[PDB]
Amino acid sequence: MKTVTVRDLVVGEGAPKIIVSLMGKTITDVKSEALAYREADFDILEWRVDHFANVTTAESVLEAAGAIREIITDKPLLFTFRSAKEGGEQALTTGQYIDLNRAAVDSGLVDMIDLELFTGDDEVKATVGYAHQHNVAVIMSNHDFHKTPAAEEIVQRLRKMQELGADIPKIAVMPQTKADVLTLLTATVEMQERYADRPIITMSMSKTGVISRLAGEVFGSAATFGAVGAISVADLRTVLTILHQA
């Protein structure tokens, strides 16, 4: 299986990695949040660009990315605009979203971008290519904040992400029942044994799904999310380490 190396971090070997999400409306908010995260124990900093108020002003986005990089210089930076239809704060047209991610790639300030699987196949392929031409990795993502699809549908979305060239397929789904948490873990196993040839990230959201963040290593999820959220980064790392050494 491929691993994905981002700076010195190796996703897909050792214990699962920890992603935290920075959310700020203004440049001063982004700076304040970056300062709050600076001493926390995590591996990847995700900037949740959909929270940023001035997302359609190219110079402002560039300034904010730069401000994050000035404060946190030792953690890979993941650029994520999460659409409202997948749990995010706002919607862009397809063209605006693709242009935004290309501008992030161009900046030299980000190590990874998030591309939503269902953006459009032609747009995703072109943007994956563009990212790769600049040595930027792609987390290709899909979220269902309302329900958990059947395991087979989850697997087929992860397989499509690989087809479209994702460096790291990522899916997050909302459990309505305990069985739904198990469905997400089953999909993770099946994807791993049948199709995966690179690291994947899977998560069952909400309080009910938190076991999928903690005890995911055996089943085949290479990273998960903590908070400085359903769980603190310190407590997440504590459990991941215990289970990695079990």
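All residue numbers refer to positions in the sequence shown, first residue = 1.
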For the stretch from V228 to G229, please bin the deposited residues that the model skips: none, 1 to 3, 4 to 9, or 10 or more. 4 to 9
Higher average CA B factor in the deposited record is what I'm after, so tell me if that's 201-209 or 187-195. 187-195
Which of 89-97 and 113-121 has higher mean CA B factor, as the PDB entry lists it: 89-97
Largest Cα B-factor, entry values, listed residues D74, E153, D144, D167: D74
Report the option among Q176, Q133, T80, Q162 whose CA atom has the maximum B-factor in the deposited record. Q133
Split into thirds by Cα B-factor across the chain's modelled residues, where does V128 land: lowest, middle or highest? middle
Place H51 in the lowest, middle or highest third of its chain's C-alpha B-factors, as listed in the PDB entry. middle
Name the third of the chain's ranked CA B-factors that contains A137, choosing lowest, middle or highest. middle
Record-listed C-alpha B factor of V30: chain third: middle
Please place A104 in the lowest, middle or highest third of its chain by C-alpha B factor as given in the entry. middle
